[PDB]
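Single-structure report; data block below.
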Amino acid sequence: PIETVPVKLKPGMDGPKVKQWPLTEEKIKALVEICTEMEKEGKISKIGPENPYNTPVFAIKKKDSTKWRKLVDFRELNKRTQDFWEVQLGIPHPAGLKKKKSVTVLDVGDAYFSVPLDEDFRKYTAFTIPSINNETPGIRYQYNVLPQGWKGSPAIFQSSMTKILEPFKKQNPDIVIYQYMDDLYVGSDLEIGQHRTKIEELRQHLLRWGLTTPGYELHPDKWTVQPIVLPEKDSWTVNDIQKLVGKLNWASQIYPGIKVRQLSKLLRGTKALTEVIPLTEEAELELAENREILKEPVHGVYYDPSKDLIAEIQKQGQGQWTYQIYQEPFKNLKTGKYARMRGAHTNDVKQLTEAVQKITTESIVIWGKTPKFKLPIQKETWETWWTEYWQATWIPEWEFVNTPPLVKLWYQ
Amino acid sequence: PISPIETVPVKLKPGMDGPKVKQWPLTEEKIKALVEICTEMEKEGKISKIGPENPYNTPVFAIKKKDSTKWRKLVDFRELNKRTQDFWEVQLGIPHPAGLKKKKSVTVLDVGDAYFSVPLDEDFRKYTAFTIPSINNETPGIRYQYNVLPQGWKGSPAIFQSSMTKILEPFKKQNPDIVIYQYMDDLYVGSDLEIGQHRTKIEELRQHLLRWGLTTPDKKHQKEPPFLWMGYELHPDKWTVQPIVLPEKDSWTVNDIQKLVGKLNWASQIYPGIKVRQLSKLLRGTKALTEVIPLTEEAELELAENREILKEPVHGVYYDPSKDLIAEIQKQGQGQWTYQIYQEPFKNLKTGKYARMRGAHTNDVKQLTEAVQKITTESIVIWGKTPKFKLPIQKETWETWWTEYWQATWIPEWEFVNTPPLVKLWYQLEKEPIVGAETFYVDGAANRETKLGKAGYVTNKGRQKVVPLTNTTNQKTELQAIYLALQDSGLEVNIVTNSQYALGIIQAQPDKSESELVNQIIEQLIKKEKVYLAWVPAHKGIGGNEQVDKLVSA
DNA sequence: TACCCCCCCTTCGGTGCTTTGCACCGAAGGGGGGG
Ligand SMILES: Cc1cn([C@H]2C[C@H](O)[C@@H](COP(=O)(O)OP(=O)(O)OP(=O)(O)O)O2)c(=O)[nH]c1=O
Ligand SMILES: [Ca+2]
């Protein structure tokens with residue numbers, strides 16, 4: 001018995017029509033069981049083919065969860081409600097969250113089931129549950145409350161949320177709290193012991209307001225950027241200097257001060273690649289000045305909230321992965337490298353999935369946005385396995401790229 | 001009227017009205033069988049006479065029910081479908097017999113006049129308006145509106161399937177141990193109950209279907225194996241496709257090969273090793289579907305050995321959820337692959353084939369991963385799990401491929417099977433330059449207007465070559481320059497290019513290509529013992545890359 | 001002279017980067033199959 005906030009799609013735009021992809025047995029059983037109890041609790045109710053809209057659905061397990069969690073892929077719906085959660089009922093981002101020594105993520109998605117949903121908007125939350133071997137046609141449902149994973153859900157609940165938090169935001173003034181989708185990010189400069197205690201205080205403070213919490217521990221100050229680095233060799237071959245020149249030439253699109261004239265002079269002849277080339281005075285000095293320019297920051301790189309974040313990832317082999325987050329090309333807001341992730345030295349798709357999750361988590365903390373991913377994988381390969389390794393309650397936008405590493409610029 | 005079951009609301013596309021199109025000049029032979037059953041509908045309330053207050057009209061025809069003397073009625077609603085609201089089909093796929101668990105007793109029953117047993121929506125009935133012809137053109141014929149789902153509408157299947165599910169839902173919950181495979185009006189009911197009790201529960205369901213006005217005719221009712229279900233013949237412990245007739249035409253048209261290819265693709269689900277490559281090579285770029293085209297000595301051999309597999313009968317088995325799933329793949333050549341999915345050895349659940357040629361340049365390792373991915377999705381559909389793979393590729397072969405490739409790639413749990421021909425990488429680029437190997441600085445360039453270009457190289461040892469090229473492109477000259485360095489070099493060679501396009505193609509280690517120039521580069525790379533490819537930027541005064549940039553532009 | 005679904009094989013052309021050529025992909029029309 002609560003007033004339903006009206007929601008309308010973007011002007012001149014139609015609801016999501018996205019087919020349901022095949023699901024494994026363990027995920028269909030989990031979904032039917034999750035959806036049965038969600039129906040007897042009135043959270044959802046069955047519908048029919050008169051509803052032209054549909055959104056894919058599947059299940060996951062969070063890191064060490066052991067309990068299944070329902071997940072709907074509202075990416076297409078979110079792109080069509082973009083007017084709502086950005087212009088109107090958006091949430092300000094705390095630039096100080098990324099400066100806290102510890103940040104904790106809590107799944108508050110179960111609270112969205114409290115508030116009902118606008119009746120005129122329920123037709124767009126439609127999803128279909130498949131059956132193994134098409135024993136049964138698709139069983140369709142609709143959301144009566146705020147759906148888990150919809151971008152409008154945390155904006156509507158924000159008024160209710162900021163009231164539940166207000167007693168704790170006063171009792172602990174300098175602790176930063178941010179809310180993104182089904183997750184609540186909480187960070188403090190307190191010691192680890194004090195930090196985890198104030199989390200449990202926030203858990204009980206949420207319990208008496210009618211919410212459970214089925215925690216992820218981050219450390220944004222610990223995160224380290226990845227810079228472009230030039231090798232150190234006592235003797236240089238033609239191939240060494242050729243590789244170096246191609247790298248410096250490519251890096252010149254970021255740091256314009258890079259010079260190659262004195263290093264290109266060393267190559268002027270037609271020499272064997274393995275021949276050793278002693279460096280001249282001016283070449284060693286041009287190399288020295290280049291190494292210092294690569295220590296500097298890129299001039300004029302800053303975050304624009306109106307622009308989308310882009311994330312490129314390169315597979316470096318032997319378990320290493322590099323990534324750069326940018327808005328305009330070569331104006332990189334952050335660069336980094338991951339190693340020894342789950343599935344290293346055995347599974348490429350798992351590592352790439354784990355990398356996407358880590359990058360998105362960092363983007364949420366720093367800018368409160370999820371970047372669009374350029375994935376170095378074939379579409380069929382990614383679309384087959386990525387759900388098996390997905391452990392997050394959000395799903396970023398992605399596309400697939402094929403860019404051979406002609407020049408190893410982000411890792412030696 | 002009367003209300004059998006809960007109706008389904010329907011609308012039109014907003015701001016649009018119904019179907020006003022004139023009837024077809026139907027022959028009186030079909031009109032005889034037409035008005036016969038048509039007048040019988042009005043007695044049961046399925047159809048109704050309407051006054052001229054209804055200003056819509058839609059054509060009507062009829063075809064004979066296949067394998068029957070009875071006639072079925074069809075309505076051309078193409079224009080109504082254009083202006084009817086969009087649905088979301090609840091039929092997500094087709095059941096496969098290889099997904100059926102073994103059941104002690106099984107019953108198959110079809111519902112009679114099914115779309116006619118489901119009430120349409122009250123307010124929408126008016127838009128079904130059509131007129132029935134006569135023997136002559138003097139009598140007008142009564143105009144009718146449908147009170148039930150018409151065959152030919154674009155919303156009829158979705159509404160029937162969803163209505164069917166709501167009807168079976170109470171029974172399914174009351175009998176959780178009964179397996180009901182619901183596909184339109186075709187019901188596969190199986191159980192581990194004793195056969196006496198099974199028919200007792202069958203009658204309860206026929207009564208519950210009857211309670212909601214769904215007929216279960218005995219003629220469509222099947223009690224005895226082998227059950228005819230989804231074009232298969234289901235036996236207690238085996239299944240097979242209903243027999244497949246291959247056309248015996250002496251002279252083939254395009255529509256003949258098309259019919260042949262489809263029959264073979266259908267057979268490939270149980271008959272192992274069906275190949276369609278050389279038969280499909282005949283249908284490329286042909287204008288007329290009726291055009292006559294001769295059979296190549298390749299397609300003649302392929303159709304001959306395909307008929308020999310279909311000669312001896314084969315069968316599949318059923319699914320045992322306790323035992324693992326195994327999928328084994330063999331290489332058939334020319335980008336063709338076949339596989340068998342089984343649980344007990346030599347007893348297949350089903351077979352299949354992956355022959356898709358993806359991309360201009362590929363290799364057997366890429367195509368094998370794509371076939372593994374096709375099987376995984378297919379297995380997740382049927383059994384909801386990923387099978388264990390037996391692959392004809394050495395463990396070290398795969399380990400070298402996926403670790404070095406710049407894109408993420410993976411294969412699920414798999415083991416090596418020694419069945420030849422094995423999948424391999426036909427060459428390997430050195431990671432570091434080769435000491436003692438001649439170093440070839442290659443380059444190429446073409447004129448956009450003249451289509452003329454040059455491709456050549458310079459070496460550290462003084463060697464050189466430049467070749468004029470006719471009707472070529474900038475990319476082709478860059479590949480050509482590498483071909484020259486490969487031809488004119490020893491077993492070990494260092495090649496320095498500035499072509500991003502060429503280096504990307506070659507570094508992916510292809511063994512097949514649409515481009516014949518690349519095949520010659522591939523052919524050369526296989527012959528070499530050590531190849532080291534490198535990249536330098538153009539116009540930077542680099543190495544011989546500046547000297548050969550001068551030669552190929554003059 | 002109809003409807004809906006799944007599969008393969010081919011054509012063709014939009015998309016974006018390898019660039020005004022070349023490579024990739026998805027819709028579509030051919031066929032098979034089901035009701
Ligand atoms: C076979 C077939 C069915 N259908 C639709 C209409 C049917 O109501 C429904 C099932 O068709 P059928 O099962 O073949 O026939 P029926 O259900 O009308 O009853 P009976 O078997 O006693 O003759 O699917 C078509 O539209 N075109 C077709 O070719
Ligand atoms: Ca029937």
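Residues in the structure tokens are numbered from 1 in each chain, the chains being A, B, ... in the order shown, and ligands are numbered from 1 in the order shown.
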Q) If you count only C-alpha atoms (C1' of nucleotides) and all ligand atoms, which residues end up within 10 Å of ligand 2, as a ChimeraX atom specification? A) /B:109-115,184-186,215-217,220 /C:35
Any chance you could export the current selection's C-alpha atoms (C1' of nucleotides) as a CSV table (one decimal), in the first residue's frame?
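File produced: result_12.csv:
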```
chain,number,residue,atom,x,y,z
B,109,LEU,CA,-2.5,-37.8,-27.9
B,110,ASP,CA,-3.3,-34.9,-30.3
B,111,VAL,CA,-6.2,-32.4,-29.5
B,112,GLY,CA,-8.8,-32.2,-32.2
B,113,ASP,CA,-9.8,-28.9,-33.9
B,114,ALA,CA,-7.5,-27.2,-31.3
B,115,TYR,CA,-7.3,-23.6,-32.5
B,184,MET,CA,1.1,-27.2,-29.4
B,185,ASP,CA,-1.6,-29.9,-29.3
B,186,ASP,CA,0.8,-32.8,-29.3
B,215,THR,CA,-11.0,-33.1,-27.3
B,216,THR,CA,-8.7,-36.2,-27.1
B,217,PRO,CA,-9.8,-38.3,-30.1
B,220,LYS,CA,-5.0,-39.4,-32.6
C,35,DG,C1',2.2,-28.4,-34.8
```
Per residue of chain C within 12 Å of ligand 1, which atom pair is closest and at what distance in Å (one decimal), using only C-alpha atoms (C1' of nucleotides) and all ligand atoms, listed by chain and increasing number, as JSON lines?
```
{"residue": "C:2", "atom": "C1'", "partner": "ligand 1", "partner_atom_place_in_ligand_line": "26 (O)", "distance": 7.4}
{"residue": "C:3", "atom": "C1'", "partner": "ligand 1", "partner_atom_place_in_ligand_line": "26 (O)", "distance": 5.2}
{"residue": "C:4", "atom": "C1'", "partner": "ligand 1", "partner_atom_place_in_ligand_line": "26 (O)", "distance": 8.2}
{"residue": "C:5", "atom": "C1'", "partner": "ligand 1", "partner_atom_place_in_ligand_line": "24 (O)", "distance": 11.5}
{"residue": "C:34", "atom": "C1'", "partner": "ligand 1", "partner_atom_place_in_ligand_line": "1 (C)", "distance": 8.6}
{"residue": "C:35", "atom": "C1'", "partner": "ligand 1", "partner_atom_place_in_ligand_line": "24 (O)", "distance": 4.6}
```
How would the residues just picked look written out with N, CA and C atoms (P, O5', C5', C4', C3', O3' and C1' of nucleotides) as a PDB file, in the first residue's frame?
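Output saved as out19.pdb:
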```pdb
ATOM      1  P    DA C   2       0.485 -18.679 -48.648  1.00  0.00           P
ATOM      2  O5'  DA C   2       0.298 -18.077 -47.191  1.00  0.00           O
ATOM      3  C5'  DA C   2      -0.337 -16.818 -46.991  1.00  0.00           C
ATOM      4  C4'  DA C   2      -1.051 -16.823 -45.663  1.00  0.00           C
ATOM      5  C3'  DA C   2      -0.156 -17.074 -44.459  1.00  0.00           C
ATOM      6  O3'  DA C   2       0.515 -15.897 -44.009  1.00  0.00           O
ATOM      7  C1'  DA C   2      -2.016 -18.494 -44.330  1.00  0.00           C
ATOM      8  P    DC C   3       2.007 -16.003 -43.478  1.00  0.00           P
ATOM      9  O5'  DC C   3       1.805 -16.493 -41.980  1.00  0.00           O
ATOM     10  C5'  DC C   3       0.935 -15.765 -41.105  1.00  0.00           C
ATOM     11  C4'  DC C   3       0.671 -16.556 -39.848  1.00  0.00           C
ATOM     12  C3'  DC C   3       1.915 -16.956 -39.079  1.00  0.00           C
ATOM     13  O3'  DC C   3       2.483 -15.832 -38.391  1.00  0.00           O
ATOM     14  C1'  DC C   3       0.415 -18.779 -39.170  1.00  0.00           C
ATOM     15  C1'  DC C   4       4.399 -19.640 -35.239  1.00  0.00           C
ATOM     16  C3'  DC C   4       5.942 -17.873 -35.101  1.00  0.00           C
ATOM     17  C4'  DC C   4       4.534 -17.309 -35.043  1.00  0.00           C
ATOM     18  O3'  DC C   4       6.882 -17.120 -34.359  1.00  0.00           O
ATOM     19  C5'  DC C   4       4.260 -16.119 -35.926  1.00  0.00           C
ATOM     20  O5'  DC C   4       4.676 -16.356 -37.261  1.00  0.00           O
ATOM     21  P    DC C   4       4.073 -15.504 -38.462  1.00  0.00           P
ATOM     22  P    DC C   5       8.409 -17.034 -34.854  1.00  0.00           P
ATOM     23  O5'  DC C   5       9.060 -18.377 -34.280  1.00  0.00           O
ATOM     24  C5'  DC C   5       8.870 -18.722 -32.914  1.00  0.00           C
ATOM     25  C4'  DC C   5       9.323 -20.144 -32.643  1.00  0.00           C
ATOM     26  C3'  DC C   5      10.661 -20.514 -33.243  1.00  0.00           C
ATOM     27  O3'  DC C   5      11.704 -20.071 -32.403  1.00  0.00           O
ATOM     28  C1'  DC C   5       9.102 -22.225 -33.694  1.00  0.00           C
ATOM     29  P    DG C  34       8.056 -33.755 -39.758  1.00  0.00           P
ATOM     30  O5'  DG C  34       7.631 -32.884 -38.490  1.00  0.00           O
ATOM     31  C5'  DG C  34       8.136 -33.227 -37.212  1.00  0.00           C
ATOM     32  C4'  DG C  34       7.727 -32.208 -36.169  1.00  0.00           C
ATOM     33  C3'  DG C  34       6.242 -31.924 -36.095  1.00  0.00           C
ATOM     34  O3'  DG C  34       5.597 -32.915 -35.302  1.00  0.00           O
ATOM     35  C1'  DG C  34       7.461 -29.889 -36.046  1.00  0.00           C
ATOM     36  P    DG C  35       4.079 -33.398 -35.607  1.00  0.00           P
ATOM     37  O5'  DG C  35       3.189 -32.153 -35.179  1.00  0.00           O
ATOM     38  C5'  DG C  35       3.177 -31.708 -33.818  1.00  0.00           C
ATOM     39  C4'  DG C  35       2.408 -30.414 -33.722  1.00  0.00           C
ATOM     40  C3'  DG C  35       1.043 -30.456 -34.384  1.00  0.00           C
ATOM     41  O3'  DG C  35       0.109 -31.087 -33.510  1.00  0.00           O
ATOM     42  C1'  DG C  35       2.151 -28.376 -34.812  1.00  0.00           C
TER      43       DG C  35
END
```
(Q) Could you tell me how far atom CA of residue B:400 sits from atom CA of residue B:420, in Å to one decimal place? (A) 19.5 Å
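You can rank B:124, B:183, B:212, B:426 by their closest distance to chain A using only C-alpha atoms, and at the top of that list sits B:183.
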Q: Using only C-alpha atoms (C1' of nucleotides), find the residues of chain C whose closest atom to chain A is at most 12 Å away, then write them as a ChimeraX atom specification.
A: /C:5-6,16-18,23-25
For residue B:460: contacts at 10 Å, only C-alpha atoms (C1' of nucleotides), fewer than 4 positions along chain excluded, given as an mmCIF file with N, CA and C atoms, in the first residue's frame:
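File produced: result34.cif:
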```cif
data_model
loop_
_atom_site.group_PDB
_atom_site.id
_atom_site.type_symbol
_atom_site.label_atom_id
_atom_site.label_comp_id
_atom_site.auth_asym_id
_atom_site.auth_seq_id
_atom_site.Cartn_x
_atom_site.Cartn_y
_atom_site.Cartn_z
ATOM 1 N N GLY A 269 70.752 2.204 -41.941
ATOM 2 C CA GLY A 269 71.200 1.148 -42.825
ATOM 3 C C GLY A 269 70.189 0.017 -42.947
ATOM 4 N N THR A 270 70.540 -0.958 -43.780
ATOM 5 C CA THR A 270 69.755 -2.181 -43.948
ATOM 6 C C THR A 270 70.523 -3.306 -43.257
ATOM 7 N N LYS A 271 70.236 -3.507 -41.976
ATOM 8 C CA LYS A 271 71.037 -4.369 -41.122
ATOM 9 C C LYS A 271 70.252 -5.610 -40.716
ATOM 10 N N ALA A 272 70.988 -6.627 -40.277
ATOM 11 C CA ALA A 272 70.362 -7.829 -39.747
ATOM 12 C C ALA A 272 69.756 -7.541 -38.381
ATOM 13 N N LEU A 273 68.582 -8.126 -38.125
ATOM 14 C CA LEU A 273 67.844 -7.802 -36.908
ATOM 15 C C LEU A 273 68.642 -8.120 -35.651
ATOM 16 N N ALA B 437 70.008 -15.743 -39.921
ATOM 17 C CA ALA B 437 69.013 -15.727 -40.982
ATOM 18 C C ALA B 437 69.033 -14.382 -41.698
ATOM 19 N N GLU B 438 68.835 -14.422 -43.011
ATOM 20 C CA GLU B 438 68.808 -13.197 -43.797
ATOM 21 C C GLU B 438 67.593 -12.358 -43.420
ATOM 22 N N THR B 439 67.781 -11.042 -43.388
ATOM 23 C CA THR B 439 66.759 -10.108 -42.932
ATOM 24 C C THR B 439 66.191 -9.363 -44.131
ATOM 25 N N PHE B 440 64.905 -9.574 -44.400
ATOM 26 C CA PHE B 440 64.229 -9.031 -45.573
ATOM 27 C C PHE B 440 63.341 -7.871 -45.139
ATOM 28 N N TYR B 441 63.697 -6.661 -45.563
ATOM 29 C CA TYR B 441 62.852 -5.487 -45.377
ATOM 30 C C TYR B 441 61.924 -5.382 -46.582
ATOM 31 N N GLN B 464 67.830 -8.083 -53.444
ATOM 32 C CA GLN B 464 66.800 -7.125 -53.819
ATOM 33 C C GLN B 464 65.903 -7.734 -54.886
ATOM 34 N N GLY B 543 65.536 1.638 -41.045
ATOM 35 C CA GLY B 543 66.130 0.458 -41.653
ATOM 36 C C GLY B 543 66.110 0.480 -43.160
ATOM 37 N N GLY B 544 65.909 -0.695 -43.740
ATOM 38 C CA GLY B 544 65.637 -0.780 -45.153
ATOM 39 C C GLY B 544 64.201 -0.492 -45.492
#
```
Q: Using DSSP on the backbone coordinates, identify all residues within stretch 254-483 of chain B classified as strand (DSSP E or B); present the result as a VMD selection string.
A: chain B and resid 292 316 319 326 to 331 337 to 342 348 to 354 361 to 362 388 to 391 393 408 414 to 416 423 429 438 to 446 453 to 459 464 to 469
Q: Excluding residue C:27 and residues on its chain fewer than 6 positions from it, collect all residues at most 12 Å away from it, counting only C-alpha atoms (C1' of nucleotides), and give them as a PyMOL selection string.
A: chain C and resi 11-14
Contact check, chain A to chain B, at most 7 Å, counting only C-alpha atoms, closest pairs as a Markdown table:
```
| residue | atom | partner | partner_atom | distance |
| --- | --- | --- | --- | --- |
| A:22 | CA | B:381 | CA | 5.7 |
| A:23 | CA | B:384 | CA | 6.5 |
| A:24 | CA | B:384 | CA | 4.1 |
| A:25 | CA | B:384 | CA | 4.4 |
| A:48 | CA | B:162 | CA | 6.4 |
| A:49 | CA | B:88 | CA | 5.0 |
| A:50 | CA | B:87 | CA | 5.4 |
| A:51 | CA | B:87 | CA | 6.1 |
| A:52 | CA | B:87 | CA | 4.3 |
| A:53 | CA | B:88 | CA | 6.7 |
| A:132 | CA | B:382 | CA | 6.0 |
| A:133 | CA | B:382 | CA | 4.2 |
| A:134 | CA | B:95 | CA | 5.1 |
| A:135 | CA | B:181 | CA | 4.6 |
| A:136 | CA | B:182 | CA | 5.4 |
| A:137 | CA | B:91 | CA | 4.9 |
| A:138 | CA | B:90 | CA | 4.5 |
| A:242 | CA | B:536 | CA | 6.3 |
| A:246 | CA | B:536 | CA | 5.6 |
| A:264 | CA | B:542 | CA | 5.7 |
| A:267 | CA | B:543 | CA | 4.7 |
| A:268 | CA | B:543 | CA | 4.9 |
| A:269 | CA | B:543 | CA | 5.2 |
| A:270 | CA | B:544 | CA | 4.5 |
| A:271 | CA | B:460 | CA | 4.9 |
| A:272 | CA | B:439 | CA | 5.3 |
| A:273 | CA | B:433 | CA | 6.3 |
| A:274 | CA | B:435 | CA | 5.8 |
| A:315 | CA | B:406 | CA | 5.9 |
| A:317 | CA | B:403 | CA | 6.3 |
| A:347 | CA | B:410 | CA | 6.1 |
| A:348 | CA | B:408 | CA | 5.1 |
| A:349 | CA | B:408 | CA | 6.1 |
| A:376 | CA | B:407 | CA | 5.1 |
| A:377 | CA | B:407 | CA | 5.1 |
| A:381 | CA | B:409 | CA | 6.8 |
| A:384 | CA | B:373 | CA | 6.8 |
| A:404 | CA | B:504 | CA | 5.6 |
| A:406 | CA | B:535 | CA | 6.5 |
```
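When the distance limit is 10 Å and only C-alpha atoms (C1' of nucleotides) are what count, the residues near residue A:110, minus those fewer than 6 positions from it on the same chain, are residues 146, 147, 148, 182, 210, 211, 212, 213 and 214 of chain A.
Near residue C:30, within 10 Å and counting only C-alpha atoms (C1' of nucleotides), sit residues 254, 255, 258, 259, 262, 283 and 289 of chain B; 9 and 10 of chain C; same-chain residues fewer than 3 positions away were not included.
Comparing the minimum interatomic distances between residue B:268 and each of B:63, B:309, B:129, B:429, counting only C-alpha atoms, we find that B:309 sits nearest.
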Q. If you run DSSP on this backbone, which residues of stretch 110-207 of chain B come out as helix (DSSP H, G or I), and could you give them as a ChimeraX atom specification?
A. /B:115-117,125-128,156-174,195-207
Keeping N, CA and C atoms for every residue in the selection just given, could you write it to a file as a tab-separated table (two decimals), in the first residue's frame?
```
chain	number	residue	atom	x	y	z
B	115	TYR	N	-7.25	-25.12	-32.49
B	115	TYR	CA	-7.35	-23.64	-32.47
B	115	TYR	C	-8.83	-23.29	-32.34
B	116	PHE	N	-9.70	-24.22	-32.69
B	116	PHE	CA	-11.14	-23.99	-32.63
B	116	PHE	C	-11.74	-24.31	-31.27
B	117	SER	N	-10.94	-24.85	-30.34
B	117	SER	CA	-11.40	-25.12	-28.98
B	117	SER	C	-11.02	-24.00	-28.02
B	125	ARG	N	-13.19	-9.99	-32.00
B	125	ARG	CA	-13.80	-10.92	-32.95
B	125	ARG	C	-14.20	-10.25	-34.26
B	126	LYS	N	-14.57	-8.97	-34.22
B	126	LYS	CA	-15.11	-8.31	-35.41
B	126	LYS	C	-14.10	-8.26	-36.55
B	127	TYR	N	-12.81	-8.25	-36.25
B	127	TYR	CA	-11.80	-8.07	-37.28
B	127	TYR	C	-11.53	-9.32	-38.10
B	128	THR	N	-12.13	-10.45	-37.75
B	128	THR	CA	-11.96	-11.69	-38.50
B	128	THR	C	-12.91	-11.79	-39.68
B	156	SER	N	-2.49	-16.75	-33.35
B	156	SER	CA	-3.11	-18.02	-33.00
B	156	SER	C	-2.17	-18.98	-32.27
B	157	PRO	N	-0.94	-19.24	-32.73
B	157	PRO	CA	-0.10	-20.22	-32.00
B	157	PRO	C	0.25	-19.77	-30.60
B	158	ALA	N	0.64	-18.51	-30.42
B	158	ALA	CA	1.07	-18.04	-29.11
B	158	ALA	C	-0.06	-18.12	-28.09
B	159	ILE	N	-1.29	-17.77	-28.49
B	159	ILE	CA	-2.40	-17.78	-27.55
B	159	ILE	C	-2.79	-19.21	-27.18
B	160	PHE	N	-2.74	-20.13	-28.15
B	160	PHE	CA	-3.05	-21.53	-27.86
B	160	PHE	C	-2.02	-22.12	-26.90
B	161	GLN	N	-0.74	-21.90	-27.18
B	161	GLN	CA	0.32	-22.49	-26.35
B	161	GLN	C	0.25	-21.98	-24.92
B	162	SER	N	0.01	-20.68	-24.74
B	162	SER	CA	-0.07	-20.13	-23.39
B	162	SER	C	-1.34	-20.59	-22.68
B	163	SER	N	-2.46	-20.64	-23.40
B	163	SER	CA	-3.69	-21.16	-22.81
B	163	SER	C	-3.54	-22.62	-22.43
B	164	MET	N	-2.88	-23.41	-23.29
B	164	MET	CA	-2.65	-24.82	-22.99
B	164	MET	C	-1.89	-24.99	-21.68
B	165	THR	N	-0.89	-24.14	-21.43
B	165	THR	CA	-0.09	-24.27	-20.22
B	165	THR	C	-0.91	-24.01	-18.97
B	166	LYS	N	-1.77	-22.98	-19.00
B	166	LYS	CA	-2.61	-22.69	-17.84
B	166	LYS	C	-3.59	-23.82	-17.56
B	167	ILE	N	-3.99	-24.56	-18.60
B	167	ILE	CA	-4.90	-25.69	-18.40
B	167	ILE	C	-4.18	-26.86	-17.76
B	168	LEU	N	-2.97	-27.17	-18.23
B	168	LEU	CA	-2.21	-28.28	-17.68
B	168	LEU	C	-1.59	-27.98	-16.33
B	169	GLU	N	-1.50	-26.70	-15.95
B	169	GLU	CA	-0.84	-26.35	-14.69
B	169	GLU	C	-1.47	-27.02	-13.47
B	170	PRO	N	-2.80	-27.01	-13.28
B	170	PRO	CA	-3.35	-27.73	-12.11
B	170	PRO	C	-3.02	-29.21	-12.12
B	171	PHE	N	-3.13	-29.88	-13.27
B	171	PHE	CA	-2.83	-31.30	-13.33
B	171	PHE	C	-1.36	-31.57	-13.04
B	172	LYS	N	-0.47	-30.78	-13.65
B	172	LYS	CA	0.96	-30.96	-13.43
B	172	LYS	C	1.32	-30.83	-11.96
B	173	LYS	N	0.67	-29.92	-11.24
B	173	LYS	CA	0.95	-29.75	-9.82
B	173	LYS	C	0.36	-30.89	-8.99
B	174	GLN	N	-0.78	-31.43	-9.43
B	174	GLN	CA	-1.39	-32.57	-8.75
B	174	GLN	C	-0.67	-33.87	-9.04
B	195	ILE	N	1.64	-49.73	-15.82
B	195	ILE	CA	0.88	-49.42	-17.03
B	195	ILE	C	-0.62	-49.41	-16.76
B	196	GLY	N	-1.09	-50.21	-15.81
B	196	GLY	CA	-2.49	-50.14	-15.43
B	196	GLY	C	-2.84	-48.81	-14.81
B	197	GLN	N	-2.03	-48.36	-13.84
B	197	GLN	CA	-2.25	-47.06	-13.22
B	197	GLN	C	-1.99	-45.92	-14.20
B	198	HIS	N	-1.08	-46.12	-15.16
B	198	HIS	CA	-0.76	-45.06	-16.11
B	198	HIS	C	-1.98	-44.68	-16.93
B	199	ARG	N	-2.67	-45.67	-17.50
B	199	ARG	CA	-3.87	-45.36	-18.28
B	199	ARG	C	-4.97	-44.77	-17.42
B	200	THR	N	-4.98	-45.09	-16.12
B	200	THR	CA	-5.93	-44.46	-15.21
B	200	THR	C	-5.67	-42.96	-15.10
B	201	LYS	N	-4.40	-42.58	-14.92
B	201	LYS	CA	-4.05	-41.17	-14.87
B	201	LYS	C	-4.23	-40.49	-16.22
B	202	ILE	N	-4.03	-41.23	-17.32
B	202	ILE	CA	-4.26	-40.66	-18.64
B	202	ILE	C	-5.72	-40.25	-18.80
B	203	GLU	N	-6.64	-41.10	-18.35
B	203	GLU	CA	-8.06	-40.77	-18.45
B	203	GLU	C	-8.41	-39.58	-17.57
B	204	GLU	N	-7.80	-39.48	-16.39
B	204	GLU	CA	-8.00	-38.30	-15.55
B	204	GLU	C	-7.61	-37.03	-16.29
B	205	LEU	N	-6.50	-37.09	-17.04
B	205	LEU	CA	-6.05	-35.91	-17.77
B	205	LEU	C	-6.91	-35.65	-19.00
B	206	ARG	N	-7.32	-36.70	-19.70
B	206	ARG	CA	-8.26	-36.52	-20.80
B	206	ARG	C	-9.57	-35.92	-20.31
B	207	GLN	N	-10.01	-36.31	-19.11
B	207	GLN	CA	-11.19	-35.70	-18.52
B	207	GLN	C	-10.93	-34.24	-18.14
```
**Q.** Selection near residue B:330, 7 Å with only C-alpha atoms (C1' of nucleotides), sequence-local residues under 6 positions removed, as JSON, numbers by chain
**A.** {"B": [337, 338, 339, 392]}
Q) Between atom CA of residue A:240 and atom CA of residue A:292, what is the distance, to one decimal in Å? A) 19.8 Å
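The space between atom CA of residue A:127 and atom CA of residue A:54 spans 4.9 Å.
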